[PDB]
Structure formats: structure tokens, C-alpha cells
């Protein structure tokens, strides 16, 4: 219970028309920045337009770790995800826990003291770790989940690697956020800045979650890693919201509004790089160019990074990483597992890649001009 937590609850289903004015103002860039971003985005898109096995990095963490050397030398880093989610039995949640535990040991040993920015890390889904994650009361779920996540966080602290909590459906944002707060106030994890958390910009609550996390970082002394994404579950959220007869949804219903929300939330994160580590996860060259110029000329490893999904982001970020390009780092999200554990992730990649509104679809669409692809969302909204 706090003023910052109340802003989150109040925004849950705020009407879309009332959410946007503060985002538009925050996402408005100076003419100089807009012109520079348009130039960079054009260069990236011209390069791209000259360019489920593809989505999985390896079957095992040993296999995926071996395959990461080539791109790590080019300026990429990795976040490994042992595939698995939505556990329905205690046995499944225990197996996912042991998968994550063994991955941390292997990743942490491979990190070899490179630390949380230059070395690899791990991503986890809370729904893999509790057999009734979405069907039981949030209070009891968090309490049974807490010792498992704390144990994993303690292992990540032992090796000094990143451990990110992925974001899933909207009705579990609050639970996962409460877990993040308990961990960041837990003295057994002091001195480790590897805890990471995803916030989804297609959510109406996003900037208020970001206010809460930035303040939590500042008062806890933890430099929380914050992965800003647009979001992967849009079709399911819409279908659930429609089934519930809800007049106002927890997510935006126009893609341009999510784009404006992302840029507005990026501005908020870039103003807080003292206390959080922003991670800008996107495959959209206009979004990337905007953030690249919003961040200014000062850069050091550990200030911020970009991120991308394995099999989707490499052609864009080959134009970004390295000293002959933009000299900014990118962390590749690397799924690890069998084809069967991959299926649910694959479905969301199909919804992402196949949507006519998606950047990665439009980049191949002969009816979509480069002019349209470099359009600034605020000037279009």
C-alpha cells in the first residue's frame, strides 16, 4: 500500500483515451532528435531491406553455451531461457525448477566473473514454478513461489549473473511485482545488481509500474535491470477481455498507442539510468533509432542495452553492435529446450511475425514504403 502502488491499481483499466495524453507529451521528441532518429532508422531499414528451428538456440544449456561464442565476440550477450511455462502439476513445476537451477550453475560457470552486463544471464517465468500460478489466490501463490525464486536469485548472486523475471499475462503483473519488491528488500541478496524485471508497454499500467520500480531501485540500493517490451500476449488479453464483457481492457487496442507508450516509457527509463539498467527489447528499427538518439552521446557498458529474440533480431542488430556501426550492445534472448517445450513460445512468435501490423512483417511488405516505416508514432497518432 503506497501512492506509487495506487497509481498502478488505478490505471489497470483506465479508458484508453485518458491514458494517452501523458504518454504523447512524454514521447514527444525535439525536432533535432526526431530528424536524427529518422536518418538512423532510414539507414537501418535500407540495410535490412538488403537482407521452429530458427527460434531455439540449443536443446541443452551446454549446447547453447557452446554456440554463443561467435556472436559474443562480435558484441552480443545472451539471456538464456529454459523453455517451459504454465506448470499444471507439482512434478512439472519441480522439473522446471531443476532446469533453471542447473542452467544457473552452467551459465554462472561460463560467465567466469564477467559480471551482469558483459556476461550471460538467465530469464525465468514464474508460471513454470508454481502448478496453479494463474488459478490460485495471488497471496498463497507468491508465498509458495518466494522460496524458490529466492533460492535461484541467491545462486545468481553467487556467480554474479543476471536473473530476469519474464512478464506474462496482465492479471499476474501485481503478483510478480510484489515478489520483485520482497527480493529487492532481502538482505541476503545485497550487493548483487542482477535482478531483472520485464514491463510491457502495451499495458495501461506500464509507466506507473516503471515509477514504482525506479523508486524501489533508488530506495533499496538495487540497480534493477528493467526490460522494456511491448508485449507478447495481446491476442489472448483481447480475447479474455472480450469474454469477460469488460468495457475497458488492461491493454491498448491500437498498435500506435503501444508504440507511443513504449517511447514515453523509454524516456522515463533513460532519465533513471543512475538507479536502473534499462534493456530496450525491440526488433523495430524506428523504435531503436528513437531510443538511440534519446539516450544522448554519453554511453558506457552498463548504462543501457538493447535486446532481441534469437532468430529474429540478428539482421537488425548486426547493424547496431560493434565499433563500425552504432557501438551499442544487444542481449539475445536464447530459448533452450526440446521442440515440445518450444510450442507455446512458438505460437506467440507466429502471432508476432504474422501480424500485418508487426514491424518484422512490414519490412518484407512491398506495399509498405520506407517513409511509412520511419514514421514517428506521436506525429502519426
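Each form is matched to the other, and the largest set of C-alpha atoms that superpose within 1.5 Å is called the rigid core. Residue numbers count along the first chain shown, from 1.
Subject >> RMS Cα shift after core superposition in 8 other deposited structures of this protein, winner of 137-145 and 104-112 >> reply: Higher average C-alpha offset in 8 other deposited structures of this protein goes to 137-145.
Original post:
Per the entry, how many residues of the deposited chain go unmodelled between residue 51 and residue 52: none, 1 to 3, 4 to 9, or 10 or more?
Top reply: Gap size class: 10 or more residues without coordinates, per the record.
Original post:
Do the C-alpha atoms of 159-167 or of 144-152 have the higher average B factor in the entry?
Top reply: Averaging CA B-factors over each stretch, the winner is 144-152.
Subject >> Residue stretch of maximal mean CA temperature factor, 355-363 vs 9-17 >> reply: Result: 9-17.
**OP:** Using the temperature factors in the entry, find which of 42, 31, 331, 325 has the highest value at its Cα atom.
**Re:** Top of the list by C-alpha B-factor: 31.
**OP:** Name the third of the chain's ranked CA B-factors that contains residue 139, choosing lowest, middle or highest.
**Re:** Highest third.
Original post:
Of the three thirds of its chain by CA temperature factor, lowest, middle or highest, which one includes residue 74?
Top reply: Middle third - that is where residue 74 ends up once the chain's C-alpha B-factors are sorted.
Subject >> residue 249 - Cα temperature factor, lowest/middle/highest third of chain >> reply: For residue 249, the deposited C-alpha B-factor lands in the highest third.
Original post:
Lowest, middle or highest third: where is residue 305 by C-alpha B factor in its chain?
Top reply: Within its chain, residue 305 is a lowest-third residue by C-alpha B-factor, going by the deposited values.
Original post:
Should residue 91 be placed in the lowest, middle or highest third of its chain by the C-alpha B factor in the entry?
Top reply: It belongs to the highest third of the chain when residues are ordered by C-alpha B-factor.
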